[PDB]
Structure formats: structure tokens, C-alpha cells
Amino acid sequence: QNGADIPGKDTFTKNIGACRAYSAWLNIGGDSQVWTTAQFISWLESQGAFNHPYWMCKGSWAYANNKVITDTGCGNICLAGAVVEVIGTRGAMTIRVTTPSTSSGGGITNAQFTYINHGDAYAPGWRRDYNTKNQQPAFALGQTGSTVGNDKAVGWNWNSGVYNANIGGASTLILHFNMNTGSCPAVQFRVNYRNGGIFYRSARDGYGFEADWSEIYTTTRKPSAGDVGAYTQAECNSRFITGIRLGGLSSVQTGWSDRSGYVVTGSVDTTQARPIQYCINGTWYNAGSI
């Protein structure tokens, strides 16, 4: 007989205090219309879910038979092929809904939702797990994505992360931050191996990165004197005079005719003259005369 001769078997289960396995392939609703959680708890009422302390159920593997909930605040719930577990009372309600790897209507796949309703003053609502399929949106350890084809290939609106970029024969590190908002939504740093150089570029509105990398100056990548508007030492040394003097003496017995660069330095009879000389970078030169 094996209990097949039991009237009101659902009441029996309640009396014995056993968990209610309500259905393995039930169609939750008529069709895949959209339904609210108030309508979901109404449908649970009509099947007697709150008559049992634990009451489970599994939506049929048919998209055209099962509702979808749309007011969770943490993603849609497609009841097609969804496990529904109901714990508590109609007063103090706990539903745990486990979704499968495929859905319709925008349902979150590979998820466990949990619904509490302990009264309207006690914050009713839904929550969703994080898992290896539905990760938390967090900056990843390790490498984000796959290697991109050139150093500028990470788009301004990609996930923040550490990326590898091909530069031909080697590759370079791209450290990308993006917040999807603001006048500057993103910044990227390019880093070459073995302190080979570090650079940044930053975005603008929805226009991406309009400027080329700016290389950051460091003690292994110092500015040049021209970068800062100055001369190098060698450029100063080759232009400006450091000394003036009179050169070797010449004389004549009398007279001394004007000679390019020469000045009279003595009139003993005899006239003495020397060239004016000036020094640039250690080298002396004779002055000339117009």
C-alpha cells in the first residue's frame, strides 16, 4: 500500500513534521509573463507553501510555462528550471531560489537568490550570491583579460585591471583604472620592463584618450637641458667668454701702423703693441678690428 491510500497527503506531511517535496517539474505560472514578488508569494499561497516549515519546488524546464520576477533590485529571476525553497511562515518568510545555467527574460543564470519578508517595517527584499560564474565586480588579482595587440588597445571604458600589451617582440604592462563617469573617467599607466620607462594617459568625457602617452620623468629618465629651456654646460662653454688679456708683444723702431686686433701698449724711439685676446672654452682667440 505504501501510503498510496492516504487522503489529504499534504496535511499528513504537516502533522508528521516532515519537509514538503512539492514537485520536481511543476510549471510556476501560466506562461513567461513578468510577475512581481507579491504575485510570486500569492502563487506560493495558492499551492500551500506557507502551510509547511520547509516547502520546496522546482520550476519545469520549459521557458514558455514559468514566470519571471523583475523587481528584485539584484537581477531578474527566471523560474524556468529554478529551485524554489520556502522556509518559515507567511508572516516571517525566507525564499531561496537557485537558478540554472540558462534562462530567459533576462534571468540571472548560475545564481542563488534569497528573499526575506519579515514584515514591511523590517526591510523586505532580495539578495544574490557571488560565485565563480557571477563574480563580484572587483579589480582582479593577476592578469585582466588576454594580451591585447598594441600598447593603446585597452579601451577607456574597459574594467580597471592590470593588462599585458604586445609591443612587437616583447610586451608592456598597462595599468588601467576606469570609473565610467566624470570629466576624466579613466587613467592608464604604461610600464616598460626593468624600469624601462613609465607613462600615463587620461581620458576625457566619452572621447577616450586624445593625447599620446606622457612619459613621467624619473632619476633613470631625466629631462634634457633643452627640455627645461636651458643650455647644456658644453653649449655654455662653447659660446661665452671666460677671460680677456693682451697677447705677445711686438715692437717697431720709429712707426706702428694700425693692425687688426692690436693696441699700442708702450712708446719707449720704439712703439710696442699687443693683440687683444679672449678665451672661450679654454681656447684663446685674437680680437679683430672693423
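Residue positions are given as counts along the sequence shown, with the first one as 1.
Unmodelled residues of the deposited sequence between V268 and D269: 4 to 9. In terms of unmodelled positions of the deposited sequence, the stretch from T254 to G255 in this entry skips 4 to 9 residues. Higher mean CA temperature factor between 205-213 and 89-97: 89-97, per the PDB entry. Of the two stretches examined, 218-226 and 64-72, the record assigns the greater average C-alpha temperature factor to 64-72. Sorting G243, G59, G247, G261 by the CA temperature factor given in the entry leaves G59 at the top. When the CA B factors of the chain's modelled residues are split into thirds, the value for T11 lands in the highest one. Ranked within its chain, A121 lands in the highest third, by CA B factor from the PDB record.
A4: CA B factor lies in the highest third for its chain, per the PDB record.
In the deposited entry, the Cα temperature factor of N134 places it in the middle third of its chain's modelled residues. For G17, the recorded CA temperature factor ranks within the highest third of the chain's modelled residues.
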